[PDB]
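Before anything else, here's the structure in question.
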2 protein chains.
Amino acid sequence: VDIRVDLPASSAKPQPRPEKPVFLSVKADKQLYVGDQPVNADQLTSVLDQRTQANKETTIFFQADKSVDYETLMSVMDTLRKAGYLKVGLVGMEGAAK
Amino acid sequence: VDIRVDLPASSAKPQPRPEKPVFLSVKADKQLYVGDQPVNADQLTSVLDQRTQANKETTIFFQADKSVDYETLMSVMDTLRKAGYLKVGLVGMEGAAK
């Protein structure tokens, strides 16, 4: 799949803090965390739906740890995509935690 | 920085194969590769400009290896962003190589 990422230049945000902002995180132990909720990919879409109130065009800014692997991380976001989440969010260098 | 990623549902592409598609890659050794050109982040934007012909709204689909770390990968894309590359591309599970 060819995914388009819209990067904002000079410290900005294409999403001006959406109405229902959900913070997803992948920690060093490759563990998915939705705020204060530890989840697996299969349960990710479930808790996510409870977060965005089923809004699938909500940009889920994921805070991944510097030591998470790309297959784990992509497996997570691949899961959001199939849930209908057409918008995920890259936290540059994990420089924006919850 | 809050970056918006537009994921296509049911195997699609928001970018219908742009005029000048550039394929960036981060290999398991955390080495940046632009097609057949091994580069560092500082030289990435240089070769990229030669690829997209200075077009900074070109979606650079990066093929990262499953074992690349998120800080390496983001350091790469962070570098594209400052170059003016407002569009990078997530290759889902590295399932689309050059």
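Please note: Cβ atoms are built from the backbone with ideal geometry, for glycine as well, and neighbour counts cover all protein chains shown. Laboratory data are not the source of any read-out in this text; all were calculated from the coordinates shown.
State all residues of the stretch B:32-77 that are free of Cβ contacts under 8 Å to residues at least 12 places away in the same chain and either under 23 Å from A:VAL26 (Cβ atoms) or within 14 Å of chain A (Cβ to nearest Cβ) (or both); if no residue qualifies, say none.
Result: B:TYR70, B:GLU71, B:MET74.
Another question about this same structure. Mind telling me which of the residues B:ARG17, B:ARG51, B:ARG81, B:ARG4 ends up being touching a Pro at 6+ places or on another chain (Cβ under 6 Å) and not aliphatic (A, V, I, L, M)?
Step by step, each of B:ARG17, B:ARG51, B:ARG81, B:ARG4 is checked, and only B:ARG4 is touching a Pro at 6+ places or on another chain (Cβ under 6 Å) and not aliphatic (A, V, I, L, M).
Within the stretch A:1-27, can you find the residues that are loosely packed, with under 14 Cβ neighbours inside 10 Å and more than 10 Å from every other protein chain (Cβ to nearest Cβ)?
If the condition is that a residue be loosely packed, with under 14 Cβ neighbours inside 10 Å and more than 10 Å from every other protein chain (Cβ to nearest Cβ), then A:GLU19, A:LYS20 are the ones that fit.
Test A:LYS87 against the criterion of being within 13 Å of chain B (Cβ to nearest Cβ), more than 26 Å from B:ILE60 (Cα to Cα), in contact with an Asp or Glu (Cβ under 8 Å, 6 or more places away or on another chain) and in contact (Cβ under 8 Å) with a residue 24 or more places away in the chain, and give yes or no.
In short, no.
For B:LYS87, only one of the following conditions fails: (1) surrounded by 16 or more Cβ atoms within 10 Å (Cβ to Cβ); (2) under 30 Å from A:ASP29 (Cα atoms); (3) touching a helix residue (DSSP H, G or I) at 6+ places or on another chain (Cβ under 7 Å). What is its number?
Condition not satisfied by B:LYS87: (3).
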